[PDB]
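Engineer: Mind having a look at this structure? Questions to follow.
Numbering (the numbering used here), first residue to last: 170 to 267.
Structure below.
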């Protein structure tokens, strides 16, 4: 499973790339930046994408036109966790079992 970590600040990028240099890391700040990134990874063969400090409305849009699974980061534990499993999604927040 492929995954890409996206950050809003360069600081987070250095920390991410340092934690997992073997993995794909791309820092985006503007709409044009992310665009060039999505295409870059799209050609390489991406599967997932974990953005940190990024707006959901932004990732949501691109994700739709990207045809991939988008994930948002809330804490450092979420970054290592998401990447750890790489590919593993269950169901929506709201459950249903009667």
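C-beta atoms are modelled at their ideal positions from N, C-alpha and C, and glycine is treated no differently.
Could you work out which residue in 224, 195, 256 is closest to residue 210 when comparing CA atoms only?
Structural biologist: The shortest C-alpha separation from residue 210 is found at 195.
Engineer: Consult DSSP for residue 180 and reduce its assignment to one of helix, strand or coil.
Structural biologist: helix
Engineer: List the endpoints of the continuous alpha helix (DSSP H) containing residue 211.
Structural biologist: Counting along the chain, residue 211 sits inside the alpha helix (DSSP H) bounded by residues 200–213.
Engineer: Check whether the Cβ atoms of residue 219 and residue 255 lie closer than 7 Å to each other.
Structural biologist: no
Engineer: Of the choices 251, 231, 188, whose alpha-carbon is the least far from that of residue 240?
Structural biologist: 251
Engineer: Given that a residue counts as buried once 16 or more other Cβ atoms are within 10 Å of its Cβ, and exposed if not, what is residue 193?
Structural biologist: buried
Engineer: Checking the sheet assignment: what are the DSSP bridge partners for residue 223?
Structural biologist: DSSP lists no partner for residue 223.
Engineer: Closest to residue 191 by CA distance: which of 231, 172, 265, 207 is it?
Structural biologist: Measuring C-alpha to C-alpha distances from residue 191 to each of 231, 172, 265, 207 identifies 172 as the nearest.
Engineer: Run through DSSP, which three-state label would residue 191 get?
Structural biologist: coil
Engineer: Return the bridge partner residues of residue 238 from the DSSP annotation.
Structural biologist: 217
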